[PDB]
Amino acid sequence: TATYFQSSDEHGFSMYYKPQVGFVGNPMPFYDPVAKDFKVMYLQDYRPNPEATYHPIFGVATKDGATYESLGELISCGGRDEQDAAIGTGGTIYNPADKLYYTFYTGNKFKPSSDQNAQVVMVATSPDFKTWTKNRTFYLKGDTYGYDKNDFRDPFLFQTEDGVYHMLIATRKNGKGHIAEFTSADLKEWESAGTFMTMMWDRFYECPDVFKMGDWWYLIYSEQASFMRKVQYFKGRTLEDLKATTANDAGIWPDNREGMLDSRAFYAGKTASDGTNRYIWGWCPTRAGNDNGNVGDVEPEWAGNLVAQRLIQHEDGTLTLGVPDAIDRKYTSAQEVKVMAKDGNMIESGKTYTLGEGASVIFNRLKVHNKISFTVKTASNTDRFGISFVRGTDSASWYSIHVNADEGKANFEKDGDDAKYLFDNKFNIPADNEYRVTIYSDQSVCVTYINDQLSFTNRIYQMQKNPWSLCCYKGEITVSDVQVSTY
């Protein structure tokens, strides 16, 4: 049957990682060049969190983004009255001169008085990546260098080719958002190098990441602004080009979509490279009440599952995201695809499904970890189609990704009774009106990829062990090479 079944998530996720207890907050991926793998520290979130002492740094290890190994608690919160009562995002770097990993992080004071610093950067080190010792005498207060007392967080650490260590910190100078730069030769003495970049208008870029890839410098960052809540980027051929993008609010977007790389279900993305590939890790939020259509009024729930994506540099230096090769390989078992139900103008024809304005086709039940591929050809580039999940033959409501070629964007929406728009993901519509679609699922977390242009993370409770559906809202489509694979 293709009746709606009441699926639920396992405590843990193995690919779009979540530990057995708690959720994955802001990650901090780092390629450990001694062990030759990625150590992804992340802020461990719990439901609920302590009031003052929350968000310790746990870690997980992976070579490839598909299989993870948990490392447990690495840097504990401080005491209730310490400056690092709560811990916020930071940045690891290995120092070969003393054979110590250094993790800089945000210490978050509980109930800071007016004079006290809410947010201060602090550090721990480790010889193996297992035992971490806090440096109880190191504090980097923005205040000291003319920056903000309470917004001063998310230290990012990188070494240029000159060998100099740099640290970028999300802050404000008299109201306006600035990314602050500090430099050091030895990771211990730090000097202020002024402002690296301005933040546009009244925006606030959390979790900044700066890296070079081919012949381009990039800034990745997550936008705090309530209406955005998406991972964005800028680019420049030189480091001075990069900085110039936001200078005086110059708005030099890297592409036709403001550099928005995904939508509001992928936040806090930061990157790391193994020499071959550069991946990005963010989190896919939970939803209140496990309700796919409750996406928050101002903001999504903070933290959820870890989501690895792969950076695709195009030849104009523009970036999009696709799947990690190792996640694609994980799906070994082919599954029969078969129509369980039709509606309106819908024709099957050997192994090709043709749908017109208002038509629907529902396929057989998915499994728990799914890969879904298919090619869609539209009539025009004003056509609209839908990829729907948790859609049983008895479901009055369900959740679809709408691809609206007229509006040059995909949307996540609730369909049926109580339909509603939720949010969207601008991408480049194919000229040839062909859409090579690929979707990867671990339980309730999935990413949808089209034509190496779209990368759309979504939280979809109960997509597992439930049917899925294609439809056509406008014009006409033709669906081809439909496959489903599992593990």
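Numbering starts at 1 and follows the sequence shown.
### Query
Hey, which bit's got the bigger mean C-alpha B factor in the entry, 253-261 or 343-351?
Going by the record's values, the stretch with the higher mean is 343-351.
### Query
Once you work out the mean C-alpha B-factor for both 374-382 and 130-138 from the entry, which is higher?
On average, C-alpha B-factors are higher across 374-382.
### Message
Using only the C-alpha B-factors in the record, can you name which of 166, 188, 153, 237 has the highest?
### Response
Checking the PDB record, the top C-alpha B-factor among 166, 188, 153, 237 is at 237.
### Task
Using the entry's values, work out which of 330, 310, 99, 270 has the largest Cα B factor.
Reading the PDB entry, the winner on C-alpha B-factor is 330.
#### Entry: Chain-relative CA temperature factor third for residue 33
As the PDB entry reports it, the C-alpha B-factor of residue 33 lands in the middle third of its chain.
### Query
Hey, what third does residue 391 fall into on Cα B-factor, ranked over its chain?
Answer is highest: the recorded C-alpha B-factor places it there.
#### Entry: CA B-factor ranking of residue 66, expressed as a third of its chain
Middle third.
### Query
Once the chain's modelled residues are ordered by C-alpha B factor and cut into thirds, is residue 125 in the lowest, middle or highest one?
Lowest third of the chain for residue 125's C-alpha B-factor.
### Task
Name the third of the chain's ranked CA B-factors that contains residue 112, choosing lowest, middle or highest.
Middle third - that is where residue 112 ends up once the chain's C-alpha B-factors are sorted.
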